[PDB]
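K.L.:
As given, the protein sequences belong to chains Y and q, one line each in that order.
When the count follows PDB author numbering, it moves up by one through the first sequence with no breaks and lands on 57 for the last residue.
When the count follows PDB author numbering, it moves up by one through the second sequence with no breaks and lands on 72 for the last residue.
Quick reminder that beta carbons are idealized off the backbone N, C-alpha and C, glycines included.
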Amino acid sequence: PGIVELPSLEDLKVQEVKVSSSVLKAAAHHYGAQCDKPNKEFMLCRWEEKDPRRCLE
Amino acid sequence: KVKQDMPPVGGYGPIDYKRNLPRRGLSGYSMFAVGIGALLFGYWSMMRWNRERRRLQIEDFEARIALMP
Numbered sequence: 001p002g003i004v005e006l007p008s009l010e011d012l013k014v015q016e017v018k019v020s021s022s023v024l025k026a027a028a029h030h031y032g033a034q035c036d037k038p039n040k041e042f043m044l045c046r047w048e049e050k051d052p053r054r055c056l057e
Numbered sequence: 004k005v006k007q008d009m010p011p012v013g014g015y016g017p018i019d020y021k022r023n024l025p026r027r028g029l030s031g032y033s034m035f036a037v038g039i040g041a042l043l044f045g046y047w048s049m050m051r052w053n054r055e056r057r058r059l060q061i062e063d064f065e066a067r068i069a070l071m072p
């Protein structure tokens, strides 16, 4: 009955991280160390409002 | 001549018939003592190694959770 709306294709197509799981694992350990100012915040975002396509920014 | 029948100078030396089944001294209860001892070693070492493997476990989950976002 209700019609869904999905963001424009160009709303997507942001960036790329292309690496194997292997490198991404240990490198992940270090950035998870220093990064996570944005992404934890992101996790209360898509976790709190949960609607992927709402918080994708 | 003389006679060639067998018997030599007497006795053929001694011979031992009687039964002999000796020598196992390691067995008191102390056999239990050494076996149970071996257990007491196994649980020690294995305890250590399982602790280490848990440490590794947490570290791996840390890899994943740092990945998640």
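Identify the contact partners of Y/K25 in chain q, using a Cβ-Cβ distance below 8 Å as the criterion.
P.N.:
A66 and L70
K.L.:
Assuming Y/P38 is part of the alpha helix (DSSP H), what are its boundary residues?
P.N.:
Looking at the DSSP string, the run of the alpha helix (DSSP H) that includes Y/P38 is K37 to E48.
K.L.:
When you compare only the Cα positions, how much space is there between Y/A28 and Y/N39?
P.N.:
One C-alpha to the other measures close to 13 Å.
K.L.:
Which residues in the same chain have their Cβ closer than 6 Å to the Cβ of q/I68, if we skip the five residues on either side of it in sequence?
P.N.:
none
K.L.:
Checking contacts by CB at 9 Å: is Y/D11 closer than that to chain q?
P.N.:
Y/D11 is outside the set of residues whose beta carbon lies under 9 Å from a beta carbon in chain q.
K.L.:
Considering only their Cβ atoms, is the gap separating Y/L24 from Y/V17 smaller than 9 Å?
P.N.:
yes
K.L.:
List the residues of chain q that Y/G32 touches, going by C-beta distances under 7 Å, in chain order.
P.N.:
Per Cβ cutoff of 7 Å: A69.
K.L.:
With a threshold of 9 Å between beta carbons, is Y/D51 in contact with chain q?
P.N.:
no
K.L.:
Identify whether Y/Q15 lies in helix, strand or coil by the three-state DSSP scheme.
P.N.:
coil
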